[PDB]
């Protein structure tokens, strides 16, 4: 019986599970694995269990999590301790964190999108694999005078450099194999047989990877886990051509987009008048990506989006922007409008849900780092702590809760 496995509907316009439509009432929780680790490897398991419980009470049925991270552990801007400090060598204390993450998600009947790698630097990612291959541990982190474009050209050698790509992909493939074949030490399930996992996701946000790379990798992931969906992890921030290069492949089962107004220069959170322009952008983003998904006849999930706190209330004070006590009136309206639009599109089966970025839970940006230097919450350590996290008692919690109720209501209407 594969009844419990999330599937694509035979008409391609949404997901199914248990013989019924399945809508994604999601959140991002990439920190789950590290919080699930035992106290010795810097975890806080009781807090992870409470965070999952908090999320179940807000109606969340789906977490996108990180199922990779690379050392070596002396690197800035990344998760510590790492899951894979050197190629093929695993921090078992961190890996057991993933086991518990998946076991707790099961008890709350959530599904997981298992992200297998990262283009960005905060879990090591593609840039780290490249560093292992060239033997050169000086990654050009985009801090100070180094730009994102320069870091991107370095990391993109993972799949564009005809000498580096085959060796890098060999290491990445060994990691994919190890994760798909992990026996969960808590409940005994082998990951590739676990219906709790909705999909394997190639990577977070690959930047202009060639078509033949998505073709190859997705095929390999699917042969590795034939019961599961496979996903690309693309932002879809460019155009339809870019979207097709990632998604038009027999083993990419559904499509995704990521919407970042501040990061793309669309939205300035210090500007008291900037919200309407971000709302409109979110608005055309959802309508146009929706059309691109429909042209491939595959489902679409907005698997990342977010907004900063109300920095415009005190524009000239940088620290104010990240304080938990700072309100989120813009973020709240932005989330609410996007959610209302998704609910309306999902009613005509032209969108399948979303995962906000990202749940902070009980973490706060004012807390001290743990002994490995981590202030765990929704913002990875390449970014200011507290930028986008949604905290357990934020006003945005009610908005997300209502959205998850509306989206479940729609899934029920469609199940008739």
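Positions refer to the first chain, counted from 1.
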item	value
Stretch exceeding the other in mean C-alpha B-factor - 22 to 30, 362 to 370	362 to 370
Mean temperature factor over C-alpha atoms, higher-scoring stretch between 207 to 215 and 306 to 314	207 to 215
Which of 80, 330, 237, 321 ranks first by CA B-factor in the deposited coordinates	237
Residue with maximal Cα B-factor (values as given in the PDB entry) among 109, 75, 118, 201	109
Third assignment of residue 400 from its chain's C-alpha B-factors	lowest
Relative C-alpha B-factor of residue 260, binned into the chain's lowest, middle or highest third	lowest
Residue 148 - which third its CA temperature factor falls in, relative to the rest of the chain	highest
Position of residue 385 among the chain's modelled residues by C-alpha B-factor, lowest, middle or highest third	middle
Relative C-alpha B-factor of residue 187, binned into the chain's lowest, middle or highest third	middle
